[PDB]
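K.L.:
The structure under discussion is supplied below as structure tokens; questions concerning it will follow.
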Protein chains: 4
Amino acid sequence: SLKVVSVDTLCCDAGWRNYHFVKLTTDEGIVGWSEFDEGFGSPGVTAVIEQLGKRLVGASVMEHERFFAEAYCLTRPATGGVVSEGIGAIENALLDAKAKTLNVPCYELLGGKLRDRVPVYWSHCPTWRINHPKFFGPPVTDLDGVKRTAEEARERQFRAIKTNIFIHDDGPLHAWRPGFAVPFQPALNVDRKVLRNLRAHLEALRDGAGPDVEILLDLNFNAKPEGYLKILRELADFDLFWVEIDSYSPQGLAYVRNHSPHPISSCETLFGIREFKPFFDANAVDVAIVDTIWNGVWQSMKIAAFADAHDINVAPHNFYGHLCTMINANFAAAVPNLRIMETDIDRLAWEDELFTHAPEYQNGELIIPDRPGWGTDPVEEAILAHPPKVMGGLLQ
Amino acid sequence: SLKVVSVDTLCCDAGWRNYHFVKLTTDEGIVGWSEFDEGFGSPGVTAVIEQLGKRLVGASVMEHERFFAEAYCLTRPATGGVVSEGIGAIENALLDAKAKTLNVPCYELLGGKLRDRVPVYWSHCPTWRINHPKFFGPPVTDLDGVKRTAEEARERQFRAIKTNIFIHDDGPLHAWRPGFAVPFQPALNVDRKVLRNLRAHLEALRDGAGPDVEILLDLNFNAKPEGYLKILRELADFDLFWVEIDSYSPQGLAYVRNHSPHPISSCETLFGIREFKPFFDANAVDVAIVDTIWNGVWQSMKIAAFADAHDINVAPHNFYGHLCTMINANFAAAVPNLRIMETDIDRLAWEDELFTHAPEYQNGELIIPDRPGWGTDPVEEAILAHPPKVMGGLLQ
Amino acid sequence: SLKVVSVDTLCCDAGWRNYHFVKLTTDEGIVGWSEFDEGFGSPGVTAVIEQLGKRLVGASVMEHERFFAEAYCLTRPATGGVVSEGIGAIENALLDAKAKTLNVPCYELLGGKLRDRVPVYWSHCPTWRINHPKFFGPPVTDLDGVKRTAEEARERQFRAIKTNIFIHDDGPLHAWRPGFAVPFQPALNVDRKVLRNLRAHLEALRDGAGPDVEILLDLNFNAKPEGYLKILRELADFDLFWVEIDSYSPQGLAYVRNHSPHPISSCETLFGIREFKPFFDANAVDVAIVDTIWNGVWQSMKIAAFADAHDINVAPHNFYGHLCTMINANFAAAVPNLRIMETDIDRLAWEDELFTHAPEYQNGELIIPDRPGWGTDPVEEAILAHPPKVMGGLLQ
Amino acid sequence: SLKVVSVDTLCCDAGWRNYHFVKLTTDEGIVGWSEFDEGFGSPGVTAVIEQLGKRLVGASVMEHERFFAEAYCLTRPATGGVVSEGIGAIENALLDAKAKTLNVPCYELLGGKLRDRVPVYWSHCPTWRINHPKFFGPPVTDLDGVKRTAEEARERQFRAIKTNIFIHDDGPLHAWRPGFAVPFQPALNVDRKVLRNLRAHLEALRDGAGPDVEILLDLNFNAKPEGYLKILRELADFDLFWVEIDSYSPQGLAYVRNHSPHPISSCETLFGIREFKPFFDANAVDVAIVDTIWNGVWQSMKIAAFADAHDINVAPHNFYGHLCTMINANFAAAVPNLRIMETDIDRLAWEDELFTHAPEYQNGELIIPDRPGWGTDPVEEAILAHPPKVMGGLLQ
Ligand SMILES: [Cl-]
Ligand SMILES: [Cl-]
Ligand SMILES: [Cl-]
Ligand SMILES: [Cl-]
Ligand SMILES: [Cl-]
Ligand SMILES: [Cl-]
Ligand SMILES: [Cl-]
Ligand SMILES: [Cl-]
Ligand SMILES: [Mg+2]
Ligand SMILES: [Mg+2]
Ligand SMILES: [Mg+2]
Ligand SMILES: [Mg+2]
Ligand SMILES: [Mg+2]
Ligand SMILES: [Mg+2]
Ligand SMILES: [Mg+2]
Ligand SMILES: [Mg+2]
């Protein structure tokens with residue numbers, strides 16, 4: 001019949017956060033999967049999915065843009081954010097199911113592949129070993145550990161690594177994340193302490209990385225334009241692949257970029273061409289980060305094409321489980337204007353148990369798989385062996 | 001202690017949709033309430049509230065902007081929409097509790113009152129009698145019914161009424177709501193059928209209203225700029241108080257307004273100064289509609305002040321239960337640049353059972369009450385006597 | 001009755017200028033106070049207050065925004081400047097009275113507090129010891145004195161200090177203030193003499209401050225854009241927390257900022273969202289200085305929210321007596337987007353006599369008090385023991 | 001010596017407001033006069049003048065731009081409004097004294113005259129007979145009176161007349177001035193009542209005026225852009241010389257003008273090229289009204305030249321006593337780009353007692369006099385025979 005028979009959500013432990021999944025079944029017995037997230041400031045996604053999936057049962061699995069168009073109508077007043085995340089999760093499960101029904105990898109739905117491998121950067125490096133050492137080891141607790149982590153990235157043939165903001169000289173090594181209320185300092189002022197610790201951290205990272213490995217810096221939402229300018233001035237003489245700055249002020253981000261000696265990336269939290277547009281119109285970014293897990297991969301192709309017309313290259317936002325990596329891998333395979341792909345190389349001790357297939361890396365690149373669908377399936381029995389905790393992520 | 005002890009949510013039947021409430025209790029035994037909504041495209045609000053309320057327990061009931069600042073940080077990546085609705089609901093319960101603790105009406109927190117009564121328009125008139133006749137009677141099923149409803153508004157001393165788009169000459173009278181997928185025609189094209197039915201409907205309404213009662217027209221998201229222009233051209237010779245058009249294109253809405261012979265209102269779905277700004281910068285609106293139930297009343301005061309500096313008057317978005325009306329009444333009491341207040345005069349047969357106090361109208365105005373807090377409390381036993389159904393509203 | 005019974009003004013000696021106060025009494029016997037200023041280019045404020053206070057008697061002390069709305073109407077043609085200062089002074093006395101009536105600190109009216117302490121900078125350092133040495137000692141008369149003053153700030157645990165423009169090598173040490181006609185050189189040209197003296201002064205200040213204490217530079221209205229650019233170029237290699245530039249040319253100030261290697265602050269003389277708007281639209285400032293004594297604290301909350309939407313942090317303009325400090329402290333307690341707070345640490349020998357309570361500093365921060373109202377009251381008998389002189393300030 | 005020996009202010013009764021004067025005496029015994037106003041929203045002007053005049057004593061009477069430059073410096077932070085009015089009043093007394101010293105009319109200082117007579121409009125017609133009938137008769141209390149007043153203007157050979165907004169059908173004839181809080185309705189909404197009364201009033205005025213006399217409409221600050229558009233739409237088919245709209249929103253006023261079928265005038269409350277500039281840049285006005293009493297005539301020549309470069313003609317704001325008329329007459333004599341001159345033809349019963357010379361009109365034009373100085377002097381004994389009341393005007 002090609003009809004959708006069921007849409008369910010599943011959830012499992014990912015240590016300091018949970019992973020979530022959409023499981024969509026068709027009348028032919030094909031199962032389409034996606035992975036989504038609530039911990040990154042996004043309570044409510046499951047509720048959105050459970051409501052929207054009710055309307056989808058009985059509809060054609062093949063008609064994903066019809067579903068999107070309908071869903072957009074039904075939730076139009078509160079579009080974006082958690083609503084749009086729910087829509088994107090369902091879209092990604094629909095794509096998997098459609099690809100599987102047609103016996104093709106998902107990139108065959110997205111224009112075909114135009115590359116077989118994708119260069120990555122090792123993200124949250126050494127952020128995961130510093131911030132979640134119970135889950136990702138060896139723990140990093142000092143500048144020597146920072147250096148050693150970069151040395152490890154170099155030895156393992158990774159070509160780039162991305163860090164965040166860390167305070168080294170005020171007690172135990174800790175992250176500086178005031179944009180997410182750790183600590184609660186909602187003005188997000190940047191003081192000397194922040195600047196000298198950024199410098200110390202990056203110098204240690206460069207010492208370990210050597211001169212060839214690229215270093216990316218993510219500042220998230222942790223300052224105002226004033227403070228971002230202060231950081232960029234301070235770090236004017238560093239060799240940075242990009243400095244990543246999230247902002248809801250296209251004019252402010254454009255001002256910062258205009259005064260930056262480094263490439264600026266942004267946009268990981270934005271939805272649709274509509275939200276990217278003011279940033280591109282303002283010349284606000286060198287690189288547009290696109291969250292295809294949030295937007296849905298079909299919607300993300302639209303965003304990539306929009307960026308292409310502005311001669312802006314895109315990078316997937318990818319810092320979740322293996323299924324998200326494979327979803328992003330398919331997007332990265334199809335998009336011409338691809339900057340690089342993000343991936344976390346630090347993995348949970350049970351990550352591989354949760355999925356049928358793991359991403360394969362060789363010489364600093366992700367190999368794009370050629371199996372029907374995204375390239376990996378969550379394993380239901382494994383999910384049940386790792387029951388979820390209450391919401392973590394930013395809401396820990 | 002002035003600490004928040006608990007944050008709970010409650011839900012009850014409102015016929016074709018549910019009402020939702022936040023119940024916040026302090027260490028002193030004061031209870032602060034707000035009303036919120038999920039049916040207007042907003043699945044997930046309850047989940048957001050339940051997560052955010054966990055962080056609020058143990059904090060001061062007096063420190064509402066602290067809570068807002070913290071909440072904004074914790075959900076920054078997925079801000080707006082359902083996340084921001086959850087934050088606004090909690091804010092409104094905090095305000096009620098703080099006012100009650102200080103033994104004052106909520107307007108005493110908002111600058112004091114500057115008026116004792118607020119002119120209203122009777123909204124969803126005759127929309128509720130056409131679209132939900134099982135709940136709001138007498139049913140309206142033809143043009144004569146449309147005329148009679150306007151006559152009733154005139155007799156009852158209402159000074160203004162607001163209708164939507166109705167098809168009268170293609171079978172049983174029915175609403176035209178393609179922007180919300182009823183029917184599913186996602187291009188939102190406007191054809192002759194729409195135009196002639198708008199004309200027929202508005203002529204009947206004017207016939208009943210007489211020449212003094214003002215007629216407002218809400219087009220919601222039911223066209224593209226092209227179609228909005230077609231509608232405004234067609235209705236060029238009508239006397240309309242405003243034409244209300246929701247759009248996520250400030251440039252498109254500005255183009256429409258520039259070519260409109262009628263005042264244009266918009267913005268009921270927008271969050272914060274940030275989202276209103278592009279519209280004001282573009283000269284897109286005569287009147288800014290502010291949803292204080294969604295934004296929170298404190299945040300809405302910021303938006304009202306922003307509008308004031310642009311010499312734009314604001315109107316509350318108010319089409320829910322009595323508590324929402326009283327929340328909006330307090331906002332309307334304090335804001336200098338107030339255009340008018342929306343209210344639905346058609347009420348459910350059990351509306352008055354659900355709340356301790358009902359809004360009072362006299363000579364077409366809402367009387368602003370002077371009780372501690374918002375002016376009415378949901379009644380817990382009554383809520384339990386009207387158990388909720390599954391989600392309705394747009395998601396019916 | 002909650003009615004205002006009387007509005008009076010009082011005035012006392014502050015050495016080289018006078019302090020002024022609004023005293024508002026209610027029917028319940030509550031007294032609300034504010035402090036205002038005439039010496040900073042503002043003859044006439046008292047006359048404005050005395051006229052506007054006549055209309056206020058008999059009105060509710062609780063309805064401060066009603067009073068503001070009415071006052072704005074009555075003085076609309078000559079709004080801003082001295083008129084708006086009079087309105088702001090009355091607003092601040094109303095707020096004090098309302099807070100006292102409700103038995104809460106003024107920050108309880110402003111959203112609640114979100115911080116308990118506020119970092120400050122020691123302003124007019126060493127400006128007060130150079131320019132008014134009869135009142136603030138020890139006198140500073142040479143570069144060694146400049147260095148020693150910065151050393152004192154460091155020892156006393158202040159984290160930042162702010163100086164102005166001084167000429168050291170042309171006779172007795174003297175201020176360069178041509179923008180205020182000392183000397184009268186109304187072109188405001190910047191020559192070598194100015195540049196080399198700025199350098200000499202700042203080098204001495206840095207020598208005393210050490211590398212951790214932040215140095216702020218205030219240029220007031222003492223140049224044109226051309227000259228501001230010359231100064232910023234000259235000082236390109238200094239580590240400055242901000243350079244403060246007052247301008248009535250948003251396009252000119254924006255040009256300067258675009259070419260500045262230092263953060264730019266401005267706006268201390270501006271009134272309302274309306275006046276700040278062109279500067280924010282032009283990207284003219286890193287930091288917005290808000291004079292809440294001039295604007296009124298309620299109006300200033302509107303300005304702070306406007307700045308927040310532009311991701312601009314604000315700093316109070318505070319260089320008067322203890323009551324102004326406490327007024328600003330309450331604003332600073334409530335505003336999320338707070339850059340820092342200005343305060344003069346050099347005090348008159350009789351400052352503490354004039355007020356019931358003095359501001360308390362610890363480890364470079366101002367402690368926010370928790371008494372009803374602003375946190376301090378002028379003392380009537382002390383005011384009479386220090387009779388005012390003719391107008392001083394800029395009009396000396 | 002050519003030194004200024006004294007600067008004094010005088011004040012006398014003008015019925016519902018006072019007139020004020022600056023009296024400046026030189027060492028040679030020449031007396032220069034100006035007239036200024038406080039009632040039009042401007043408490044404090046006298047205080048400003050008394051402070052600034054202290055600095056002027058001992059300076060050259062010939063150096064008026066030196067005084068202006070110095071005064072601007074000394075009051076720079078609170079410039080505009082009442083401060084700038086004080087400066088303008090002194091400037092106008094300086095000009096009179098300088099002209100008298102050189103034995104020439106003031107227009108000889110302003111480029112020489114380029115016309116001998118100036119067409120006027122009869123302003124506040126029938127506004128003064130309606131609003132201040134105790135002082136200006138015969139009283140106007142109905143539509144027939146409105147018609148008769150216009151007939152009188154026609155018979156007396158006036159070519160143009162200007163009215164305001166009046167409510168005729170809700171009790172005794174009364175002005176609609178919500179922008180100045182009469183009545184207090186601070187949203188400034190425009191309803192049917194306003195529109196139908198504007199129409200009725202203007203139809204009566206046109207009936208009396210005949211087809212040749214021009215009719216001007218002043219809306220002051222009595223609406224928001226929304227309401228101004230509503231008024232202009234309603235009055236689309238009237239033949240109006242201009243519609244006068246005061247606004248502090250250049251973008252809003254420009255929007256209104258863009259949609260106006262009538263010429264738009266504004267700017268009567270603005271100070272200096274700086275304040276006019278945003279309006280001209282926005283294409284906001286057909287005609288710029290310049291208050292030379294407020295700005296000073298020398299400053300006003302700068303504004304007129306600025307307007308000239310934009311191909312905008314200017315009109316003096318003139319609705320005070322005979323000295324203001326003569327001050328404006330001299331400006332009007334010298335400015336090439338002169339639209340028309342405002343004057344009130346309704347005069348107080350004692351107006352002529354107060355001044356040595358009265359303005360002379362012939363065939364609808366003001367004759368420019370050729371006496372040294374402005375053309376009339378206040379009479380000190382007459383001033384003392386008409387002692388002032390408390391402040392009236394808007395502050396009544
Ligand atoms: Cl989580
Ligand atoms: Cl902070
Ligand atoms: Cl619902
Ligand atoms: Cl369609
Ligand atoms: Cl002073
Ligand atoms: Cl000079
Ligand atoms: Cl007066
Ligand atoms: Cl109003
Ligand atoms: Mg968004
Ligand atoms: Mg990132
Ligand atoms: Mg949005
Ligand atoms: Mg609507
Ligand atoms: Mg100004
Ligand atoms: Mg300053
Ligand atoms: Mg101004
Ligand atoms: Mg006028």
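Letters for chains follow the order of the structure tokens (A, B, ...), residue numbers begin at 1 for each chain, and ligand numbers begin at 1 in the order shown.
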Write out as a compact mmCIF listing (two decimals) with C-alpha atoms, in the first residue's frame each polymer residue (protein, DNA or RNA) that has an atom no more than 7 Å from ligand 8, with only C-alpha atoms and all ligand atoms counted.
P.N.:
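selection12.txt, freshly written:
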```
# COMPACT_ATOMS: atom_id res chain seq x y z
CA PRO B 336 -0.22 53.82 27.03
CA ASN B 337 -0.06 52.93 23.33
CA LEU B 338 -3.09 50.61 23.36
CA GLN D 185 -6.22 59.42 25.91
CA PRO D 186 -2.57 58.77 25.45
CA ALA D 187 -2.92 56.13 22.66
CA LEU D 188 -4.12 59.00 20.41
CA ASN D 189 -6.51 56.68 18.58
```
K.L.:
Can you work out which residues from chain A touch chain B at a cut-off of 6 Å (counting only C-alpha atoms) and hand them back as a VMD selection string?
P.N.:
chain A and resid 41 to 44 47 to 48 73 to 75 77 to 78 81 179 to 181 269 394
K.L.:
Write the residues of the preceding selection, restricted to C-alpha atoms, as a PDB file, in the first residue's frame.
P.N.:
```
ATOM      1  CA  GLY A  41      17.685  23.389  24.837  1.00  0.00           C
ATOM      2  CA  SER A  42      14.770  21.506  23.282  1.00  0.00           C
ATOM      3  CA  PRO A  43      12.236  20.013  25.720  1.00  0.00           C
ATOM      4  CA  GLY A  44       9.006  19.076  23.922  1.00  0.00           C
ATOM      5  CA  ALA A  47       5.361  15.655  22.167  1.00  0.00           C
ATOM      6  CA  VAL A  48       5.429  17.406  18.794  1.00  0.00           C
ATOM      7  CA  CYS A  73       0.390  24.520   8.048  1.00  0.00           C
ATOM      8  CA  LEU A  74      -0.850  22.802  11.208  1.00  0.00           C
ATOM      9  CA  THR A  75       1.914  24.327  13.388  1.00  0.00           C
ATOM     10  CA  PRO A  77       1.887  29.946  14.413  1.00  0.00           C
ATOM     11  CA  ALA A  78       4.627  28.325  16.545  1.00  0.00           C
ATOM     12  CA  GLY A  81      12.415  25.644  17.448  1.00  0.00           C
ATOM     13  CA  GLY A 179      25.398  31.710  27.356  1.00  0.00           C
ATOM     14  CA  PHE A 180      23.890  28.473  28.710  1.00  0.00           C
ATOM     15  CA  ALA A 181      23.871  29.689  32.321  1.00  0.00           C
ATOM     16  CA  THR A 269      20.499  26.758  15.542  1.00  0.00           C
ATOM     17  CA  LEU A 394      21.797  22.032  28.814  1.00  0.00           C
TER      18      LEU A 394
END
```
K.L.:
Which residues, written as a count of residues only, have at least one atom at most 7 Å from region 132-140 of chain A, with only C-alpha atoms counted and residues fewer than 6 positions away on the same chain left out?
P.N.:
5
K.L.:
Which of region 288-352 of chain B counts as helix (DSSP H, G or I) under DSSP, as a PDB file with N, CA and C atoms, in the first residue's frame please?
P.N.:
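selection00.pdb was written with the following content:
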```pdb
ATOM      1  N   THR B 292       0.526  38.195  24.829  1.00  0.00           N
ATOM      2  CA  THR B 292       1.160  38.256  26.128  1.00  0.00           C
ATOM      3  C   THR B 292       1.052  36.914  26.848  1.00  0.00           C
ATOM      4  N   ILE B 293       0.138  36.059  26.389  1.00  0.00           N
ATOM      5  CA  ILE B 293      -0.018  34.716  26.943  1.00  0.00           C
ATOM      6  C   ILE B 293       1.207  33.883  26.536  1.00  0.00           C
ATOM      7  N   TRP B 294       1.582  34.029  25.276  1.00  0.00           N
ATOM      8  CA  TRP B 294       2.778  33.438  24.710  1.00  0.00           C
ATOM      9  C   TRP B 294       4.080  34.057  25.241  1.00  0.00           C
ATOM     10  N   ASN B 295       4.170  35.382  25.210  1.00  0.00           N
ATOM     11  CA  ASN B 295       5.442  36.049  25.527  1.00  0.00           C
ATOM     12  C   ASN B 295       5.692  36.164  27.013  1.00  0.00           C
ATOM     13  N   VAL B 297       3.651  38.572  30.195  1.00  0.00           N
ATOM     14  CA  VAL B 297       3.288  39.986  30.264  1.00  0.00           C
ATOM     15  C   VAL B 297       4.490  40.914  30.495  1.00  0.00           C
ATOM     16  N   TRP B 298       5.472  40.504  31.300  1.00  0.00           N
ATOM     17  CA  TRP B 298       6.658  41.346  31.496  1.00  0.00           C
ATOM     18  C   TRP B 298       7.414  41.536  30.180  1.00  0.00           C
ATOM     19  N   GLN B 299       7.608  40.446  29.438  1.00  0.00           N
ATOM     20  CA  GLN B 299       8.259  40.561  28.136  1.00  0.00           C
ATOM     21  C   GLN B 299       7.427  41.438  27.199  1.00  0.00           C
ATOM     22  N   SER B 300       6.105  41.324  27.300  1.00  0.00           N
ATOM     23  CA  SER B 300       5.206  42.106  26.459  1.00  0.00           C
ATOM     24  C   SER B 300       5.278  43.597  26.736  1.00  0.00           C
ATOM     25  N   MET B 301       5.588  43.993  27.979  1.00  0.00           N
ATOM     26  CA  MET B 301       5.772  45.404  28.295  1.00  0.00           C
ATOM     27  C   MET B 301       6.977  45.948  27.541  1.00  0.00           C
ATOM     28  N   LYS B 302       8.012  45.114  27.384  1.00  0.00           N
ATOM     29  CA  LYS B 302       9.189  45.500  26.638  1.00  0.00           C
ATOM     30  C   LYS B 302       8.818  45.725  25.175  1.00  0.00           C
ATOM     31  N   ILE B 303       8.050  44.806  24.610  1.00  0.00           N
ATOM     32  CA  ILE B 303       7.574  44.924  23.228  1.00  0.00           C
ATOM     33  C   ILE B 303       6.692  46.170  23.053  1.00  0.00           C
ATOM     34  N   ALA B 304       5.784  46.408  24.007  1.00  0.00           N
ATOM     35  CA  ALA B 304       4.930  47.611  23.935  1.00  0.00           C
ATOM     36  C   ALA B 304       5.728  48.908  23.932  1.00  0.00           C
ATOM     37  N   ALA B 305       6.777  48.976  24.754  1.00  0.00           N
ATOM     38  CA  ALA B 305       7.640  50.151  24.806  1.00  0.00           C
ATOM     39  C   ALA B 305       8.400  50.352  23.510  1.00  0.00           C
ATOM     40  N   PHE B 306       8.821  49.239  22.902  1.00  0.00           N
ATOM     41  CA  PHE B 306       9.505  49.266  21.620  1.00  0.00           C
ATOM     42  C   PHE B 306       8.584  49.815  20.533  1.00  0.00           C
ATOM     43  N   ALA B 307       7.362  49.297  20.496  1.00  0.00           N
ATOM     44  CA  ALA B 307       6.338  49.786  19.582  1.00  0.00           C
ATOM     45  C   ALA B 307       6.062  51.269  19.811  1.00  0.00           C
ATOM     46  N   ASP B 308       5.974  51.676  21.074  1.00  0.00           N
ATOM     47  CA  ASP B 308       5.700  53.069  21.413  1.00  0.00           C
ATOM     48  C   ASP B 308       6.725  54.005  20.761  1.00  0.00           C
ATOM     49  N   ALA B 309       7.986  53.590  20.732  1.00  0.00           N
ATOM     50  CA  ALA B 309       9.049  54.446  20.177  1.00  0.00           C
ATOM     51  C   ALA B 309       8.946  54.599  18.672  1.00  0.00           C
ATOM     52  N   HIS B 322     -11.285  32.844  30.388  1.00  0.00           N
ATOM     53  CA  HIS B 322     -11.394  34.054  31.213  1.00  0.00           C
ATOM     54  C   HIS B 322     -10.072  34.473  31.834  1.00  0.00           C
ATOM     55  N   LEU B 323      -9.240  33.519  32.257  1.00  0.00           N
ATOM     56  CA  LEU B 323      -7.947  33.915  32.831  1.00  0.00           C
ATOM     57  C   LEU B 323      -7.064  34.650  31.827  1.00  0.00           C
ATOM     58  N   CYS B 324      -6.978  34.151  30.593  1.00  0.00           N
ATOM     59  CA  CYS B 324      -6.268  34.904  29.557  1.00  0.00           C
ATOM     60  C   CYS B 324      -6.820  36.307  29.386  1.00  0.00           C
ATOM     61  N   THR B 325      -8.150  36.454  29.432  1.00  0.00           N
ATOM     62  CA  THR B 325      -8.747  37.796  29.330  1.00  0.00           C
ATOM     63  C   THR B 325      -8.290  38.717  30.448  1.00  0.00           C
ATOM     64  N   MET B 326      -8.230  38.172  31.653  1.00  0.00           N
ATOM     65  CA  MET B 326      -7.822  38.983  32.807  1.00  0.00           C
ATOM     66  C   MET B 326      -6.313  39.292  32.771  1.00  0.00           C
ATOM     67  N   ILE B 327      -5.515  38.365  32.264  1.00  0.00           N
ATOM     68  CA  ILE B 327      -4.091  38.602  32.092  1.00  0.00           C
ATOM     69  C   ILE B 327      -3.901  39.781  31.136  1.00  0.00           C
ATOM     70  N   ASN B 328      -4.572  39.682  29.995  1.00  0.00           N
ATOM     71  CA  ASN B 328      -4.540  40.746  28.983  1.00  0.00           C
ATOM     72  C   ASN B 328      -5.125  42.069  29.465  1.00  0.00           C
ATOM     73  N   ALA B 329      -6.137  42.009  30.318  1.00  0.00           N
ATOM     74  CA  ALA B 329      -6.758  43.207  30.881  1.00  0.00           C
ATOM     75  C   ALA B 329      -5.762  44.012  31.697  1.00  0.00           C
ATOM     76  N   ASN B 330      -4.915  43.314  32.436  1.00  0.00           N
ATOM     77  CA  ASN B 330      -3.900  43.969  33.234  1.00  0.00           C
ATOM     78  C   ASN B 330      -2.821  44.644  32.388  1.00  0.00           C
ATOM     79  N   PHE B 331      -2.388  43.958  31.330  1.00  0.00           N
ATOM     80  CA  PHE B 331      -1.515  44.541  30.317  1.00  0.00           C
ATOM     81  C   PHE B 331      -2.140  45.783  29.678  1.00  0.00           C
ATOM     82  N   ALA B 332      -3.395  45.662  29.247  1.00  0.00           N
ATOM     83  CA  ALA B 332      -4.125  46.752  28.616  1.00  0.00           C
ATOM     84  C   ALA B 332      -4.321  47.944  29.555  1.00  0.00           C
ATOM     85  N   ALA B 333      -4.448  47.684  30.844  1.00  0.00           N
ATOM     86  CA  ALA B 333      -4.580  48.757  31.813  1.00  0.00           C
ATOM     87  C   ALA B 333      -3.328  49.652  31.926  1.00  0.00           C
ATOM     88  N   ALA B 334      -2.153  49.049  31.717  1.00  0.00           N
ATOM     89  CA  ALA B 334      -0.863  49.693  31.957  1.00  0.00           C
ATOM     90  C   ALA B 334      -0.209  50.315  30.720  1.00  0.00           C
ATOM     91  N   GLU B 351     -17.980  27.951  30.863  1.00  0.00           N
ATOM     92  CA  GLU B 351     -16.862  28.858  31.052  1.00  0.00           C
ATOM     93  C   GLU B 351     -16.840  29.428  32.466  1.00  0.00           C
ATOM     94  N   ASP B 352     -17.994  29.891  32.917  1.00  0.00           N
ATOM     95  CA  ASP B 352     -18.062  30.603  34.187  1.00  0.00           C
ATOM     96  C   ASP B 352     -17.804  29.658  35.365  1.00  0.00           C
TER      97      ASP B 352
END
```
K.L.:
Please identify all polymer residues within 10 Å of region 230-236 of chain C, counting only C-alpha atoms, omitting same-chain residues fewer than 2 positions from it, and present them as a PyMOL selection string.
P.N.:
chain C and resi 190-192+194-196+198-199+202+219+223-228+238-240+243+256-257+259-262
K.L.:
Rounded to one decimal in Å, what is the spacing between CA of residue 216 (chain B) and CA of residue 343 (chain B)?
P.N.:
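Atom-to-atom, CA of residue 216 (chain B) to CA of residue 343 (chain B), that is 12.8 Å.
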K.L.:
Report, in Å with one decimal, the straight-line distance from CA of residue 345 (chain C) to CA of residue 155 (chain C).
P.N.:
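If I compute the distance from CA of residue 345 (chain C) to CA of residue 155 (chain C), I get 13.4 Å.
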K.L.:
Quick one: everything within 8 Å of residue 19 (chain B), counting only C-alpha atoms, minus sequence neighbours fewer than 5 positions away in the same chain. Send it as a VMD selection string.
P.N.:
chain B and resid 11 to 14 35 to 37 320 to 321
K.L.:
Which distance in Å separates CA of residue 111 (chain D) and CA of residue 319 (chain D), to one decimal?
P.N.:
24.9 Å
K.L.:
For residue 250 (chain D), which residue out of D:97, D:153, D:284, D:264 is the nearest one, using only C-alpha atoms?
P.N.:
D:284
K.L.:
Quick one: residues within 9 Å of residue 94 (chain D), only C-alpha atoms counted, chain neighbours fewer than 5 positions away excluded, as a PyMOL selection string?
P.N.:
chain D and resi 24+32-34+61-64+89+99
K.L.:
Just asking: which residues within region 231-367 of chain C are strand (DSSP E) according to DSSP, as a CSV table (one decimal) with C-alpha atoms, in the first residue's frame?
P.N.:
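Result file part-v7.csv:
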```
chain,number,residue,atom,x,y,z
C,242,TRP,CA,36.4,51.3,26.5
C,243,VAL,CA,36.8,54.7,25.0
C,244,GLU,CA,33.8,56.8,25.7
C,264,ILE,CA,33.3,52.3,22.2
C,265,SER,CA,30.8,53.5,24.7
C,266,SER,CA,28.4,56.4,24.4
C,287,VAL,CA,28.3,49.7,25.2
C,288,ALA,CA,25.3,52.0,25.8
C,289,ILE,CA,25.5,54.3,28.8
C,290,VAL,CA,22.1,55.1,30.2
C,313,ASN,CA,25.0,45.8,27.3
C,314,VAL,CA,24.3,48.9,29.3
C,315,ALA,CA,26.1,50.9,31.9
C,316,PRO,CA,24.5,53.4,34.3
C,341,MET,CA,28.4,50.3,37.0
C,342,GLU,CA,30.1,53.7,37.2
C,343,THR,CA,30.7,55.2,40.6
C,361,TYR,CA,31.7,48.2,48.4
C,362,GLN,CA,33.6,45.0,48.8
C,365,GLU,CA,31.7,45.5,43.8
C,366,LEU,CA,28.8,47.5,45.0
C,367,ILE,CA,26.5,45.6,47.4
```
